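Protein chains in written order, with our numbering: chain A, 68 to 119; chain B, 24 to 133; chain C, 44 to 169; chain D, 11 to 114; chain E, 494 to 545. Don't be surprised by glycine CBs; every beta carbon is placed ideally from N, CA and C. A quick write-up on the structure given underneath.
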Amino acid sequence: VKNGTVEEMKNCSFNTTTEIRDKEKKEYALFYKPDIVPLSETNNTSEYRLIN
Amino acid sequence: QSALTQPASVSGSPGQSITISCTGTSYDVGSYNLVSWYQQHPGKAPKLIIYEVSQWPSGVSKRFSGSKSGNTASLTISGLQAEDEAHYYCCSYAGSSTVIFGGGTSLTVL
Amino acid sequence: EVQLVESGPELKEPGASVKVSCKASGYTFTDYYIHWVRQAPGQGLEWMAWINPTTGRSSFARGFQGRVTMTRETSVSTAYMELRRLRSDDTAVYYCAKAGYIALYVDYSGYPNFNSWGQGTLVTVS
Amino acid sequence: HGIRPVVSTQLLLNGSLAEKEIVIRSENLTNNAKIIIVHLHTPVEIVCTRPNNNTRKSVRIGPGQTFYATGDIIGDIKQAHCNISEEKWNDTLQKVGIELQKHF
Amino acid sequence: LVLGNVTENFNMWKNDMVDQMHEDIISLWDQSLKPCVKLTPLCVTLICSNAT
Ligand SMILES: *[C@@H]1O[C@H](CO)[C@@H](O[C@@H]2O[C@H](CO)[C@@H](O[C@@H]3O[C@H](CO[C@H]4O[C@H](CO[C@H]5O[C@H](CO)[C@@H](O)[C@H](O)[C@@H]5O[C@H]5O[C@H](CO)[C@@H](O)[C@H](O)[C@@H]5O)[C@@H](O)[C@H](O[C@H]5O[C@H](CO)[C@@H](O)[C@H](O)[C@@H]5O[C@H]5O[C@H](CO)[C@@H](O)[C@H](O)[C@@H]5O)[C@@H]4O)[C@@H](O)[C@H](O[C@H]4O[C@H](CO)[C@@H](O)[C@H](O)[C@@H]4O[C@H]4O[C@H](CO)[C@@H](O)[C@H](O)[C@@H]4O[C@H]4O[C@H](CO)[C@@H](O)[C@H](O)[C@@H]4O)[C@@H]3O)[C@H](O)[C@H]2NC(C)=O)[C@H](O)[C@H]1NC(C)=O
Ligand SMILES: *[C@@H]1O[C@H](CO)[C@@H](O[C@@H]2O[C@H](CO)[C@@H](O[C@@H]3O[C@H](CO[C@H]4O[C@H](CO)[C@@H](O)[C@H](O)[C@@H]4O)[C@@H](O)[C@H](O[C@H]4O[C@H](CO)[C@@H](O)[C@H](O)[C@@H]4O[C@H]4O[C@H](CO)[C@@H](O)[C@H](O)[C@@H]4O)[C@@H]3O)[C@H](O)[C@H]2NC(C)=O)[C@H](O)[C@H]1NC(C)=O
Ligand SMILES: *[C@@H]1O[C@H](CO)[C@@H](O[C@@H]2O[C@H](CO)[C@@H](O[C@@H]3O[C@H](CO[C@H]4O[C@H](CO)[C@@H](O)[C@H](O)[C@@H]4O)[C@@H](O)[C@H](O[C@H]4O[C@H](CO)[C@@H](O)[C@H](O)[C@@H]4O)[C@@H]3O)[C@H](O)[C@H]2NC(C)=O)[C@H](O)[C@H]1NC(C)=O
């Protein structure tokens, strides 16, 4: 929102190994920015990773 | 109406002193002190009184001092002048960043 | 100096979207929450919602959780709100008013004191 | 007597007090690479807060064991910050100045 | 070893030896299962029987 005129936190969603091994489910959470890193070998911003 | 409760109507002669009550629950008003009141003559937008439990917004004089205790709040309409006949409303901060209004009331015509 | 202005009253069919508008004057539009409230004709008040005019984030009453839409216009000194899925019961007067200062370090979204009103506008449902 | 095991980098929070005056310590002040500790007699009061009303969420991972993550923020977000009184900090920093001048 | 002239109190329900063996058995038994398979590959979608 408004190119950083905000105290931002980023939202992200991900696939988890649910209680059944091979029937994974989608989930959503939010993280503070220092714990997310860009993934793509290109400039693409769509996909992200934990800093670990 | 919503959980915030207020008496339907209160009456009294000129020169009296009246307390308009406002009741909530431990969740909303029994835990936070952001209580405010509003005055409204019919056919117009209301006007604020008591912007924060007891402090005074403008030149409205001491005739409307507020108070709170537990889940209860009060508006002390005092030194009654019959021209103050109008609707009076309670409202306070609540859970989940929401705001709720009291049921409103009607002042004396006597 | 300060004066809040709204669109004119409207008439609508059930299930419609009501584009109530609120334009500001006499104060820095970016420094105060603009705060919405409802009043059925001859009845009490009902809170609607918040909008940070600088950030656009909002939250609103659970009673309208079905669908409500918000907008802030920084360059216009004006804000919009939209009640949608309109019932016959939702006929009422609608106001906007100037709530507490947007502190850079304290969550003032919530302080119910607002000391300047718009003139009011209603929607009829038929 | 009980020490406080608190982790902190630049300012030693919740610490004890020097009994008389500000004191300074180094293995040798000539080596600039050495850490120089400063200890204060007068406690500067620091208050911090994170007024975003963060909310807890409970995702679950595989068999049984949960994993927690932040849900939707209720409210309008605001910066996390720390506050220190200006006059206290100015006076205390100037006093540390004189204590450094005792060696310089 | 019989004792000629003794006189001793016996409170039973506050006898600590039960706790000193409850924790003993819990620690011992929970240590006996360590080297064996921790199942985990069985939380799987079981698709199964015909009519009873
Ligand atoms: C950490 O640290 C940090 C730091 O860094 C922190 O933070 C912080 O915090 C704090 C606390 O919380 C906060 O505070 C806040 O603030 C805000 C703001 O401030 C500012 O501003 C304001 C306003 O201004 C305006 O007005 C004026 C007058 O007043 C004028 O003059 C000017 O000019 C302006 O104007 C406007 O308009 C124009 C047009 O043109 C434009 O241009 C502009 O821009 C604007 O818009 C002000 O006011 C202030 O001042 C004040 O204060 C001071 C100090 O105290 C003093 O000295 C002064 O005098 C003043 O006073 C006051 O008070 C009295 C009583 O006492 C009254 O009467 C008056 O009036 C005043 O008010 C500054 O400058 C503010 O606002 C706030 O306050 C508010 O709110 C609260 C809540 O509720 C309450 O309580 C209070 O009381 C108040 O209230 C009021 O207001 C509201 C709104 O705002 C309303 O609603 C109510 O009702 C009331 O009303 C009143 O008033 C009004 C006016 O004002 C009138 O009209 C009526 O009638 C009535 O009277 C608070 O204070 C801060 O902010 C922060 N920071 C930041 C950066 O953000 C933290 O906290 C820490 N941490 C921890 C944990 O602690
Ligand atoms: C952080 O980011 C995540 C995503 O990255 C986000 O969570 C996801 O948000 C989206 C968008 O809000 C959610 O999508 C919802 O989709 C449902 C449709 O569900 C379908 O799938 C289920 C499961 O099989 C079926 O059972 C179902 O029948 C559907 O086929 C929508 O219903 C949701 O929208 C409702 O709310 C809108 C207002 O926000 C309305 O405009 C809209 O019309 C929907 O309301 C209607 O349906 C209601 C019943 O659902 C009804 O009661 C109303 O009256 C109305 O008619 C929504 O689009 C997605 O589910 C989220 N993810 C998960 C896992 O739930 C987070 O929100 C985000 N967080 C932050 C803080 O940014
Ligand atoms: C900061 O963020 C936290 C976490 O998000 C918020 O915590 C909530 O605070 C609100 C306000 O105190 C609470 O609101 C109440 O929630 C009830 C939900 O009930 C469930 O939870 C309780 C508590 O465990 C159980 O006892 C119950 O059985 C349920 O499991 C609602 O029922 C309440 O609404 C009812 O009462 C009001 C009057 O009070 C009526 O007007 C309503 O119409 C309705 O009938 C009430 O809304 C909430 O429980 C808290 N949740 C948690 C997880 O702590 C903080 O509120 C937030 N800070 C601010 C300022 O909002």
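Worksheet item: Does DSSP classify residue 105 of chain B as helix, strand or coil?
Response: Note: residue 105 of chain B maps to helix in three-state DSSP.
Discussion item. Here's a check: name, in chain order, each residue in its chain whose Cβ is nearer than 8 Å to the Cβ of residue 52 of chain C, leaving out the five neighbours to either side.
Written reply: Cβ neighbours of residue 52 of chain C beyond the five flanking positions: 164, 165, 166 and 167.
Worksheet item: Would you report the Cα separation of residue 169 of chain C and residue 111 of chain C, rounded to the nearest angstrom?
Response: Rounded to whole angstroms, the separation of the alpha carbons of residue 111 of chain C and residue 169 of chain C is 21 Å.
Discussion item. Would residue 94 of chain A pass as an interface residue toward chain E - the criterion being a Cβ-Cβ separation below 8 Å?
Written reply: Not one beta carbon of chain E lies nearer than 8 Å to the beta carbon of residue 94 of chain A.
Discussion item. Please output, in chain order, the residues near ligand 2 using a CB cut-off of less than 5 Å to any non-hydrogen atom of the ligand.
Written reply: Taking each Cβ in turn, the ones that pass are A:78, A:80, A:95, C:109, C:110 and D:82.
Practice prompt. Within the same chain, show all residues whose beta-carbon is closer than 8 Å to that of residue 99 of chain D, passing over the 5 residues directly before and after it, in chain order.
Written response: If we look at residue 99 of chain D and ignore the five residues flanking it on each side, its Cβ neighbours are 54.
Worksheet item: So what's residue 102 of chain D in DSSP terms, helix, strand or just coil?
Response: DSSP places residue 102 of chain D within a helical segment (H, G or I) once states are collapsed to three.
Worksheet item: In terms of DSSP beta bridges, what is residue 535 of chain E paired with?
Response: Answer by DSSP bridge pairing: none, since residue 535 of chain E is not bridged.
Item to complete: Look at the alpha carbon of residue 115 of chain B and the alpha carbon of residue 86 of chain B, and state the distance between them as a whole number of angstroms.
Response: Looking at the backbone, the Cα of residue 115 of chain B and that of residue 86 of chain B are separated by about 21 Å.
Fill in: Any non-hydrogen atom of ligand 1 within 7 Å of residue 147 of chain C CB
Because some heavy atom of ligand 1 lies under 7 Å away, the Cβ of residue 147 of chain C counts as near it: yes.
Worksheet item: Just to confirm, are residue 58 of chain C and residue 129 of chain C a CB contact at a threshold of 8 Å?
Response: Result yes, Cβ atoms of residue 58 of chain C and residue 129 of chain C sit closer than 8 Å.
Item to complete: Output, in chain order, the set of chain A residues within a Cβ distance shorter than 8 Å of residue 536 of chain E.
Response: What residue 536 of chain E touches in chain A, judged by beta-carbon distance under 8 Å, is 86, 87 and 88, going in chain order.
Worksheet item: With burial defined as no fewer than 16 other Cβ atoms inside 10 Å of the residue's Cβ, what is the status of residue 115 of chain C: buried or exposed?
Response: Classification of residue 115 of chain C: buried, given that the 10 Å Cβ count is 16 or more.
Worksheet entry | Integer Cβ distance of residue 66 of chain C from residue 120 of chain C, believed to fall under 8 Å | Going by Cβ atoms, the distance from residue 66 of chain C to residue 120 of chain C rounds to 6 Å, so yes, they are a contact pair.
Fill in: Buried versus exposed call for residue 75 of chain C [16 or more other C-beta atoms within 10 Å across all chains shown]
Counting the other Cβ atoms within 10 Å of the Cβ of residue 75 of chain C gives 16 or more, which makes it buried.
Worksheet item: Is DSSP giving residue 66 of chain D helix, strand or coil here?
Response: In this structure, DSSP gives residue 66 of chain D an extended state, which the three-state scheme calls strand.
Fill in: Cutoff 7 Å; reference residue 106 of chain A; Cβ partners in own chain excluding five residues on either side
Excluding five sequence positions before and after residue 106 of chain A, the CB atoms of its chain that fall closer than 7 Å to its own CB belong to 114, 115 and 116, given in chain order.
Worksheet entry | Residues near residue 21 of chain D by beta carbon distance below 8 Å, same chain, minus five either side | Taken in chain order, the residues that qualify are 56.
Worksheet item: So which residues on chain D does residue 93 of chain C lean against when the C-beta distance must stay under 8 Å?
Response: For residue 93 of chain C, the residues of chain D that pass the 8 Å Cβ criterion are 86, in the order they occur in the chain.
Worksheet entry | Identity of the residues DSSP links to residue 33 of chain D by a beta bridge | Bridge partners of residue 33 of chain D: D:49.
Worksheet item: Rounded to the nearest angstrom, how far is the Cβ of residue 64 of chain C from that of residue 127 of chain C, given a contact under 8 Å?
Response: Actually they are not in contact, since the Cβ atoms of residue 64 of chain C and residue 127 of chain C sit about 15 Å apart, beyond 8 Å.
Worksheet item: Is residue 110 of chain D helix, strand or coil by DSSP?
Response: Three-state result, residue 110 of chain D: helix.
Item to complete: Please name the residue in A:109, A:99 and A:87 whose C-alpha comes closest to that of residue 535 of chain E.
Response: The shortest CA-to-CA distance from residue 535 of chain E to any of A:109, A:99 and A:87 is the one to A:87.
Discussion item. Contact defined as beta carbons within less than 8 Å: I believe residue 106 of chain D pairs with residue 32 of chain D. What is the distance between those atoms, to the nearest angstrom?
Written reply: Going by Cβ atoms, the distance from residue 106 of chain D to residue 32 of chain D rounds to 6 Å, so yes, they are a contact pair.
Discussion item. Is residue 91 of chain D a contact residue of ligand 1, with contact defined as CB to any heavy atom under 7 Å?
Written reply: At least one heavy atom of ligand 1 is nearer than 7 Å to the Cβ of residue 91 of chain D, so yes.
Discussion item. Between residue 83 of chain A and chain D, is the shortest Cβ-Cβ distance under 8 Å, so that the two count as touching?
Written reply: Closer than 8 Å: yes.
Worksheet item: By Cβ distance below 7 Å, which residues in the same chain neighbour residue 59 of chain A in space, the five residues on each side in sequence not counted?
Response: There is no way to answer for residue 59 of chain A, as the model of chain A reaches only from 68 to 119.
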